[PDB]
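J.: Let's see this in three dimensions:
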Amino acid sequence: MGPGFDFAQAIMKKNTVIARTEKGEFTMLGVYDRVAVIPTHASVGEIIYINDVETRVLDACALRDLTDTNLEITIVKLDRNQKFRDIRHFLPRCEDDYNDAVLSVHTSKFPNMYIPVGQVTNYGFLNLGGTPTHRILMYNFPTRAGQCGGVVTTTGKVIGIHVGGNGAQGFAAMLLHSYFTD
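T.: Residues are numbered from 1 along each chain as shown. There you are, the coordinates:
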């Protein structure tokens, strides 16, 4: 509908796949080469389904900060025959608050879904499903099951992936440029 939705659509149309684990279907953001991200609660194993195709997992790393606190991001390298467009130059370098964000989801259940979530707070600490978690972004939208892995963007920046909600607020794990240096 406007330039925020334009940037979000450009990311969804080239840099997302549908990932399926034993814990469900997730929006999965591809970042560069065969490297993608998914919420750690997806419990990625040795094999994952990517757009309903059986795919070997070459590496999976559940990130934690240097206090050994959960970040809720798993970085997955996929045994896929095709690379993602490199979007690392759209990742923020530092923790920050944002205005006017969009949460975008693409699954069998929720195809082509875009939500204007508005103002995003650097929330920091969250007890997420009983797990102490750091680098959490918060938005005041009643997100639901089915939105986990959804991409949070502003114009020009890919800032997080949706990892939970409390019925009134939604929560994303930050993406930082430093997670994807090679």
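
J.: Please parse this protein into its domains.
T.: Using curated CATH domains, the domain parsing of the chain gives 1-15+85-182, 16-84.

J.: Could you provide those domains in TSV, with additional columns for mean neighbour count?
T.: C-beta coordinates here come from the backbone N, C-alpha and C atoms, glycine included. Below are the domains of the chain laid out as TSV (neighbours: other C-beta atoms under 10 Å):
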stretch	mean neighbour count
domain 1-15+85-182	17
domain 16-84	17
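
J.: all strands of this protein, in order?
T.: Secondary structure of the chain (DSSP state E): strands at 16-21, 24-32, 35-39, 47-50, 53-64, 70-78, 98-105, 113-128, 131-139, 151-154, 157-165, 170-174.

J.: Can you add distance to residue 7 and give the ones you listed back as a markdown table?
T.: Shown next, in a markdown table, are those (distance: least, C-beta to C-beta, whole Å):
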| stretch | distance to residue 7 |
| --- | --- |
| strand 16-21 | 14 |
| strand 24-32 | 14 |
| strand 35-39 | 18 |
| strand 47-50 | 24 |
| strand 53-64 | 25 |
| strand 70-78 | 21 |
| strand 98-105 | 8 |
| strand 113-128 | 11 |
| strand 131-139 | 16 |
| strand 151-154 | 6 |
| strand 157-165 | 8 |
| strand 170-174 | 16 |
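
J.: contacting residues for the residue nearest the centre of the chain?
T.: The structure's the chain has its C-alpha centroid closest to residue 161; by C-alpha atoms, centre = their mean the separation is 2.5 Å. For residue 161, the set of contacting residues under the criterion of C-beta atoms under 8 Å, 6 or more residues apart in numbering consists of 27, 29, 37-39, 73, 149-152, 172-173, 175.

J.: could you dump stretch 85-94 to CSV, C-alpha only?
T.: In CSV, the C-alpha atoms belonging to stretch 85-94 read as follows (Å, rounded to 0.1, in the frame of the first residue of the first chain):
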residue,chain,number,x,y,z
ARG,A,85,20.1,-12.9,-3.0
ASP,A,86,22.7,-11.4,-0.6
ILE,A,87,20.7,-9.0,1.8
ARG,A,88,23.4,-8.6,4.5
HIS,A,89,23.7,-4.8,3.6
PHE,A,90,20.0,-4.4,4.8
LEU,A,91,20.9,-5.7,8.4
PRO,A,92,21.5,-3.2,11.2
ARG,A,93,24.9,-3.0,12.8
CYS,A,94,23.6,-2.2,16.4
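
J.: what sits up against that stretch?
T.: With contact meaning C-beta under 8 Å, 6+ apart, stretch 85-94 is reached by 11, 14-15, 30-33, 156-159, 174-180.

J.: let's see it at 10 Å
T.: Contacting residues not belonging to stretch 85-94 are listed as 7, 10-11, 13-15, 29-33, 35, 98, 122, 153-154, 156-160, 174-182 [C-beta atoms under 10 Å, 6 or more residues apart in numbering].

J.: what's the distance between that stretch and the middle of its chain?
T.: For stretch 85-94, the separation from the chain centroid amounts to 13 Å (computed by C-alpha atoms, centre = their mean, to the nearest Å).
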